[PDB]
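Undergrad: Sharing the initial chains of the complex here, in place:
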Amino acid sequence: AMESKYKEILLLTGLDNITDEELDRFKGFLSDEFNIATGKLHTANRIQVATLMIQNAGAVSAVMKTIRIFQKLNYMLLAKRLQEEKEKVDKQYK
Amino acid sequence: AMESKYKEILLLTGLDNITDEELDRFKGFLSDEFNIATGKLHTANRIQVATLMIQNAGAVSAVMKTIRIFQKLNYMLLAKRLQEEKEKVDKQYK
Amino acid sequence: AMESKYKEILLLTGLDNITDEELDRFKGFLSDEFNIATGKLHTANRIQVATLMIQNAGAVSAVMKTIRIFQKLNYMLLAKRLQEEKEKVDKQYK
Amino acid sequence: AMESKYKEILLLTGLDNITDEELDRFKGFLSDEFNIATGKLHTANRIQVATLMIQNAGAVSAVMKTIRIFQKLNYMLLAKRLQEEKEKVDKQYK
């Protein structure tokens, strides 16, 4: 399904690549896109964080907000690639 | 009957999906909608809890209060879906 | 009831925000306000700890002692806010 | 029987070797091969998980889907070995 495929993008192409130090910076500017919380985020395995994000918004808004953040944290090289892969999947369901 | 159908919603679409940890949190904020009790709730198999809830209020008030709680515990993704399915069944008997 | 409302304050505004490391420090200076115990406290889910505290003192003394501790552990930012919310609820029942 | 032998493969050669962390990753990409569920899977002893898988599909489809997953989660070293052992048992009943 489109859902499973989006998740594979998030996990395999996204988190299975990104580092840590940067995740700490991401957390410092978080809460600006999702109605999550503080102390609550501090130690949550990538899988847990992705799951909590989806349990709230979804594979639609979560992906969009991720794209938006990737553009803020300077991360443009990985933001362009995600945008391209997104469009590739969209074409399959247009 | 409308009753049996509501029960199928509760059990198959509701409890047959939700986790545990969250049930503990539900219990911690319970007693706010139903005239049930304490120590009495601690270990009651989903089937027992649903049955006790209905034996008191019913398939009308129990479902309404469940909808209301699902909106409190942040659980909105599963609350919207329940609300949609509810309306679908209501249309059949309007 | 005033009781349920106080609990919502404790849980949603208090524990649903505070971290862990600090909870360990809290435990190290505990037993100074409540007639609880040792080894007994080591691993007790926030819900369990709140419940045990109330089962002993109550929503009156437990809240007061929490306010007092929040002022000791330097935690003043969250102590002022709790004090303000407390006064807001008190006004409703004055 | 072929059934008991397949189970011995699954349990002794498979699960009696694989780690945990990876099981969490497996769970995150599950539900893609079996008509099982969520929250339902979270804590199920290897024996319980194998049994539920078989109770649904069987020793035929469950083994095939396991082989397929072992190839996805990069796990190729253990996937080749399982494929070899499978062929060895197939020869005995050809």
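TA: Okay, I see it. Numbering: from 1, shown residues only, chains lettered A, B, ... in the order given.
Undergrad: Apart from its chain neighbours, what residue comes closest to the residue in chain A positioned nearest to chain D?
TA: When scored by Cβ to the nearest Cβ, chain A has residue A:47 as its residue closest to chain D, at 5.4 Å. Yep, even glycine has a C-beta here, placed from its N, CA and C like the rest. Nearest in space to residue A:47, with sequence neighbours left out and distances taken as Cβ to Cβ, 6 or more residues apart in numbering or on different chains, is residue D:28 at 5.4 Å.
Undergrad: any idea how far residue A:30 is from the one you found?
TA: Remark: distance between residue D:28 and residue A:30 (Cβ to Cβ, to the nearest Å) = 21 Å.
Undergrad: So those two - more neighbours on which side?
TA: Set side by side, residue D:28 and residue A:30 show unequal neighbour counts under other Cβ atoms under 10 Å in any protein chain shown, the larger going to residue A:30 at 18 against 15.
Undergrad: Next, the contact list for that one, please.
TA: For residue A:30, the set of contacting residues under the criterion of Cβ atoms under 8 Å, 6 or more residues apart in numbering or on different chains consists of A:36, A:41.
Undergrad: separation between it and chain C?
TA: Between residue A:30 and chain C the distance is 15 Å, computed by Cβ to the nearest Cβ, to the nearest Å.
Undergrad: swap in residue A:4?
TA: If you go by Cβ to the nearest Cβ, the gap between residue A:4 and chain C works out to 31 Å.
Undergrad: Same check on residue A:38?
TA: As it turns out, when the distance is counted by Cβ to the nearest Cβ, residue A:38 lies 6 Å from chain C.
Undergrad: again with residue A:67
TA: The gap separating residue A:67 from chain C is 29 Å, by Cβ to the nearest Cβ.
Undergrad: count of residues packed around that residue?
TA: Residue A:67 has 13 neighbours, counted by other Cβ under 10 Å.
Undergrad: where's it, which helix or strand?
TA: helix A:61-72 (DSSP states H and E).
Undergrad: That helix close to chain D?
TA: No. Counting by Cβ under 8 Å from any Cβ of the partner chain, chain D is not contacted by helix A:61-72; separation bottoms out at 15.0 Å.
Undergrad: Same check on stretch A:4-14?
TA: Yes. Counting by Cβ under 8 Å from any Cβ, contacts between stretch A:4-14 and chain D involve A:4, A:7-8, A:11.
Undergrad: Closest to residue D:93 out of those residues?
TA: Set against residue D:93, the nearest of those by Cβ to Cβ is residue A:4 (34.9 Å).
Undergrad: Identify the residue spatially nearest to the residue in chain A that chain C sits nearest to, adjacent ones excluded.
TA: Distances between chain A and chain C by Cβ to the nearest Cβ are smallest at residue A:39, namely 3.9 Å. Closest residue to residue A:39 apart from its sequence neighbours, by Cβ to Cβ, 6+ apart: residue C:19 at 3.9 Å.
Undergrad: add chain E to the structure above, sequence below:
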Amino acid sequence: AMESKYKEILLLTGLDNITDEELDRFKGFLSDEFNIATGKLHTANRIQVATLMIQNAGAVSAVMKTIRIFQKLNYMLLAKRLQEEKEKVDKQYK
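TA: Chain E now in position relative to the chains above:
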């Protein structure tokens, strides 16, 4: 009776204080004082363990052996206190 009082010592002053991790270590060096057993001990609620100990030796030998163990597992702070309380009760019946 002297028996009930000794039990109150064991339970309230002893077990109602001691932790877990240490209980595992106690179990690892057990069977050296009581003619109990293995696998049999692994999961036995403090109340069950105390009861089985007494059902064998009694409130006389069980207490003496507990005192002796408390001195081995380094636990001297709690061993001195138990010895003092013991002497206090002995004086009442001398």
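Undergrad: Revisit the neighbour count of residue A:67 given that chain E is now included?
TA: Other residues lying near residue A:67 total 13 when counted by other Cβ under 10 Å.
Undergrad: Looks like it contacts residue A:82 (just checking).
TA: Yes. Contact status for residue A:67 versus residue A:82: in contact at 6.0 Å, counting by Cβ atoms under 8 Å.
Undergrad: picking that back up, packing partners for the helix holding residue A:67?
TA: Using 3 or more Cβ pairs under 8 Å, 6 or more residues apart in numbering or on different chains; DSSP states H and E as the contact criterion, the secondary-structure elements in contact with helix A:61-72 are helix A:46-56, helix A:77-92.
Undergrad: Please list the residues of chain A that sit near chain C.
TA: For chain A, the contact set with chain C under Cβ under 8 Å from any Cβ comprises A:37-40, A:42-43.
Undergrad: could you redo the last one with a cut-off of 6 Å?
TA: For chain A, the contact set with chain C under Cβ under 6 Å from any Cβ of the partner chain comprises residue A:39.
Undergrad: gap between the spatially most central residue of chain A and residue A:15?
TA: Among the residues of chain A, residue A:66 comes closest to the average C-alpha position under Cα atoms, centre = their mean, at 3.9 Å. Computed with Cβ to Cβ, the distance linking residue A:66 and residue A:15 is 10 Å.
Undergrad: coming back round to it: tell me which of the helices and strands packed on helix A:61-72 is the most buried.
TA: helix A:46-56 (a mean of 17; mean count of other Cβ atoms under 10 Å in any protein chain shown).
Undergrad: now the angle between helix A:61-72 and that one, please.
TA: Between the axes of helix A:46-56 and helix A:61-72, defined by axes from the mean of the first three to the mean of the last three Cα atoms, to 10 degrees, the angle is 120 degrees.
Undergrad: what comes into contact with helix A:46-56?
TA: By Cβ atoms under 6 Å, 6 or more residues apart in numbering or on different chains, the surrounding residues in contact with helix A:46-56 are A:10, A:15, A:62, D:28.
Undergrad: Which residue, other than its chain neighbours, is closest to the second one?
TA: Pointing back at residue A:15 there. Leaving out its chain neighbours, the residue that sits closest to residue A:15 by Cβ to Cβ, 6+ apart is residue A:46, at 4.5 Å.
Undergrad: next one: the third one
TA: Distance criterion Cβ to Cβ, 6+ apart; nearest residue to residue A:62, sequence neighbours excluded, is residue A:53 at 4.7 Å.
Undergrad: Check the first one too.
TA: In space, and not counting its chain neighbours, residue A:10 is closest to residue A:50: 6.0 Å by Cβ to Cβ, 6+ apart.
Undergrad: any idea how far the one you found lies from chain B?
TA: Computed with Cβ to the nearest Cβ, the distance linking residue A:50 and chain B is 15 Å.
Undergrad: following sequence is chain F, place it on the structure:
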Amino acid sequence: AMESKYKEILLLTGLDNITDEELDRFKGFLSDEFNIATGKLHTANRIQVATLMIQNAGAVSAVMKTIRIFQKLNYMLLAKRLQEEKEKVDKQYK
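TA: So, slotting chain F in with the rest:
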């Protein structure tokens, strides 16, 4: 919110620019504006230091004290700019 915007100023315009050697000098003259401490400050990632500062004073007093320090450590070029950006945000909420 005004809070998030102030934080973006602090982090992106402030710390994401300033060097290290100078941070050591800042630390040597610190404790003069905030009720923090010693040895406690020695190794705290910019994100940690900003967070601890806010957890005490806030986005109001922390920013004001930062402005004041930036004027002491000769740092005037970056102090004027911060003051200008501050006034720009203030105008939006006047």
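Undergrad: Once more for the contacts of residue A:30, now including chain F?
TA: By Cβ under 6 Å, 6+ apart, the contact set of residue A:30 is empty.
Undergrad: Can you report phi and psi for the residue of chain A found nearest chain F?
TA: When scored by Cβ to the nearest Cβ, chain A has residue A:28 as its residue closest to chain F, at 5.2 Å. As for residue A:28, its main-chain torsions (degrees, to the nearest 10) stand at phi -70, psi -20.
Undergrad: what do you get for residue A:34?
TA: Phi and psi for residue A:34, reported as degrees, to the nearest 10, are phi -120, psi 140.
Undergrad: Residue C:52 versus that one, what's the distance?
TA: 33 Å.
Undergrad: With residue A:76 instead?
TA: Residue A:76 is 52 Å from residue C:52, where distance means Cβ to Cβ.
Undergrad: swap in residue A:71?
TA: Going from residue A:71 to residue C:52 by Cβ to Cβ gives 48 Å.
Undergrad: Next: residue A:59.
TA: Applying Cβ to Cβ, one obtains 40 Å for the distance of residue A:59 from residue C:52.
Undergrad: Give the buried residues for stretch A:58-72.
TA: Judged by neighbour count (16 or more other Cβ atoms under 10 Å in any protein chain shown), stretch A:58-72 contains these buried residues: A:59, A:62-63, A:65-66, A:69-70.
Undergrad: do stretch A:26-35 as well
TA: Going by neighbour count (16+ other Cβ under 10 Å), the buried part of stretch A:26-35 is A:26, A:29-30, A:33.
Undergrad: In chain A, which residue sits nearest chain E?
TA: For chain A, Cβ to the nearest Cβ, closest residue to chain E: residue A:43, 22.4 Å.
Undergrad: what are the phi and psi angles of that residue?
TA: Dihedral pair for residue A:43: phi -130, psi 90, per degrees, to the nearest 10.
Undergrad: With adjacent residues omitted, what lies nearest to it?
TA: Using Cβ to Cβ, 6+ apart and skipping residues adjacent in sequence, the residue nearest residue A:43 is residue C:20, 8.0 Å away.
Undergrad: follow-up on the earlier one: give me the subset of the buried residues of stretch A:26-35 lying in helices.
TA: When DSSP state H defines the helices, the subset of those inside them is residue A:26.
Undergrad: which two from the buried residues of stretch A:26-35 end up farthest apart in space?
TA: Pairwise distances among those were taken by Cβ to Cβ; the largest, 10.6 Å, belongs to A:26 and A:33.
Undergrad: hmm, back to that, just the angle between the helix holding residue A:67 and helix A:77-92, please?
TA: Compare the direction of helix A:61-72 with that of helix A:77-92 by the same axes, to 10 degrees and you get 150 degrees.
Undergrad: contacts for helix A:61-72?
TA: Helix A:61-72 is contacted from outside by A:6, A:33, A:53-54, A:78-79, A:82, using Cβ under 6 Å, 6+ apart.
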